[PDB]
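Below: one structure, written as structure tokens.
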Amino acid sequence: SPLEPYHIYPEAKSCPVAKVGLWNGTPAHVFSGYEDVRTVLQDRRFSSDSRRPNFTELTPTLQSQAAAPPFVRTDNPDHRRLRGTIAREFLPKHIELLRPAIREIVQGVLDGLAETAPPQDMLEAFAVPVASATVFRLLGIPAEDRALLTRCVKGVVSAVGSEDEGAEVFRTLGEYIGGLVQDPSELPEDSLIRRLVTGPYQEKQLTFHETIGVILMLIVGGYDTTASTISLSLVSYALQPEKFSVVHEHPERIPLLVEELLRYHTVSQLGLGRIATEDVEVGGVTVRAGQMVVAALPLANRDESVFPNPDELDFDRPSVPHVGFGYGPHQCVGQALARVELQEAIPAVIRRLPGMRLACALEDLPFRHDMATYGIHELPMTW
Ligand code: HEM
Ligand SMILES: CN1C(=O)[C@H](Cc2c[nH]c3cccc([N+](=O)[O-])c23)N(C)C(=O)[C@@H]1Cc1ccccc1
């Protein structure tokens, strides 16, 4: 099954800590249990620092960056410093101020769609425009430039790309973004890029290339992870629309419902890698210093012991805390924004198009088995 994540690390079907080779052959202990995963991810002995001997990104494309990564591949003091430059933008209190804008962006797209004859690729026609417009508004990216940024993001996220292909992607992406860093003048005043450039960059809290790091990561997490999550939520809707009764009868439960989609559809499908900095016992296993590990989110999000009937999409759970956004210091800084988008986007589209069914067979859809984050390359829906 394409909607069940047990194919990624088949070894974990058999054991809660499972030894496996990564793309380049490096072995890595895969943690599949929720507590173990939570443990790995706030332990100081597991590091996101890619410059360390033996660090192995989960795809070759990302490997290409290890020697000079964005902040997602840093430890303190740098992590605190870099994340610090923009953390304040994504405080739930500030992101809430975007809700009506977001809600407008959504109504915008649904207004388009309402006149269009089905079927439609709801990725291209609903999820991506919502998601991308939202973060591009926040960032201040020119409209002109979004098709390109879109293309290049698919590059970064490829799990089939090579290390030399990935270098070029990032090179190209980086040169674009460097262009805005060096000339912020064409960007809106209420733009996150501009605040970052004229503020902490000019104040030299970070370098030119660190700045590009920051922005690049908001461009990537800002819409690809969000636009897929939307997409798959629709797939679940298409398959089981009377589970979504709630949207109509229980609006105050939408927030839960979103969480439950975050759990079920853990798009960070390969989990998160970490390197041990000294020997550490977790989940009854000693991890020798310098060993890679993988925190398998989507399986931790299906760990029956914490989530009864995990393979069932179930909006009647009392609030339960998925590690969809990860955990620890590197936990998704954009999580607040994506919650909002999903809260606004998914209800909207169900209400305006509740006969949304799949315009072709589940087994025919092109699921992203070749991407570092999951989802679908196209989602033909009729209604
Ligand atoms: C469904 C939506 C999203 C999912 C599932 C997602 C998932 C994640 C995960 C798992 C990480 C952990 C990386 C690690 O620990 O090694 C992460 C980090 C990050 N996410 Fe997201 N995210 C989403 C949305 C966003 C959005 C909307 C933004 C920005 C607008 C964003 C920006 C980031 C950044 C900058 C990081 C790096 C955190 C750090 O190293 O300090 N994410 N995200
Ligand atoms: C969960 N996840 C990832 O592990 C990776 C990130 C990454 C892991 N190692 C990286 C090395 C360089 C650049 C990036 N980058 O900019 O996304 C990376 N990507 C790309 C992803 O789409 C997702 C979501 C995400 C995007 C941006 C920053 C954090 C998370």
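Can you go through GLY179, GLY213, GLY161, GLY221 and tell me which one is in contact (Cβ under 8 Å) with a residue 12 or more places away in the chain and more than 21 Å from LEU337 (Cα to Cα)?
Sole residue among the options that is in contact (Cβ under 8 Å) with a residue 12 or more places away in the chain and more than 21 Å from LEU337 (Cα to Cα): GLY161.
Report whether or not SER236 is farther than 30 Å from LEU82 by Cα, free of Cβ contacts under 8 Å to residues at least 40 places away in the same chain and surrounded by fewer than 23 Cβ atoms within 10 Å (Cβ to Cβ). Spell out how you get there, then give the answer.
Values: farther than 30 Å from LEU82 by Cα: yes; free of Cβ contacts under 8 Å to residues at least 40 places away in the same chain: no; surrounded by fewer than 23 Cβ atoms within 10 Å (Cβ to Cβ): yes.
Criteria not met by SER236.
Just checking, does region 367-381 include any residue being farther than 27 Å from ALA296 by Cβ, among the aromatic types (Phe, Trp, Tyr), touching a strand residue (DSSP E or B) at 6+ places or on another chain (Cβ under 8 Å) and more than 16 Å from ligand 1 (Cβ to nearest atom)?
no
Answer yes or no: is there a residue in region 178-192 that is closer than 29 Å to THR59 by Cβ, within 14 Å of ligand 1 (Cβ to nearest atom) and in contact with a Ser or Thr (Cβ under 8 Å, 6 or more places away or on another chain).
Initial filter on region 178-192 (closer than 29 Å to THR59 by Cβ): 178-181, 192.
Remaining after also requiring within 14 Å of ligand 1 (Cβ to nearest atom): 192.
Of the ones still in play, those that are also in contact with a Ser or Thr (Cβ under 8 Å, 6 or more places away or on another chain) are none.
No; the residues of region 178-192 include none that is closer than 29 Å to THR59 by Cβ, within 14 Å of ligand 1 (Cβ to nearest atom) and in contact with a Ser or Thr (Cβ under 8 Å, 6 or more places away or on another chain).
Within the group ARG88, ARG137, which residue is assigned to a helix (DSSP H, G or I), away from ligand 2 (no atom under 16 Å from the Cβ), within 23 Å of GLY178 (Cβ to Cβ) and free of Cβ contacts under 8 Å to residues at least 60 places away in the same chain?
Working: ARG88 fails: within 23 Å of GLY178 (Cβ to Cβ).
The match here is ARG137.
Mind checking which pairs have a first residue in region 322-337 that is closer than 23 Å to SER132 by Cα and among the aliphatic types (A, V, I, L, M) and a second that is away from ligand 2 (no atom under 13 Å from the Cβ) and assigned to a loop (DSSP other than H, G, I, E, B), Cβ under 9 Å, 6 or more apart or different chains?
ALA336/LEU91; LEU337/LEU98
Go through region 227-255 and give me each residue that's within 16 Å of ligand 1 (Cβ to nearest atom) and of a type in the set (A, V, I, L, M, F, W, C).
Keep residues of region 227-255 that are within 16 Å of ligand 1 (Cβ to nearest atom), which gives 227-236, 254-255.
Of everything in region 227-255, those that are within 16 Å of ligand 1 (Cβ to nearest atom) and of a type in the set (A, V, I, L, M, F, W, C) turn out to be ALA227, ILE230, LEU232, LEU234, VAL235, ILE254.
What are the residue pairs meeting all of these: first residue in region 338-354, first residue buried (at least 20 other Cβ atoms within 10 Å of the Cβ), second residue part of a helix (DSSP H, G or I) and among the small types (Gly, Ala, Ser), Cβ atoms under 6 Å, and 6 or more apart or on different chains?
Sorted first by the residue in region 338-354, then by its partner, the pairs are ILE346/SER233.
Looking only at region 242-257, count how many residues are without any contact (Cβ under 8 Å) to a residue 40 or more places away in the chain and in a helix (DSSP H, G or I). Let's see the steps before the verdict.
Step one: filter region 242-257 for residues without any contact (Cβ under 8 Å) to a residue 40 or more places away in the chain, giving 242, 245, 249-250, 252.
Within this subset, residues satisfying the condition of being in a helix (DSSP H, G or I) are 242, 245, 249, 252.
Residues meeting the conditions: 4.
Read-outs throughout are calculated quantities, based only on the coordinates presented, and are distinct from any laboratory measurement. Note: ideal-geometry Cβ built from the backbone for every residue, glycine included; neighbour counts use all protein chains shown.
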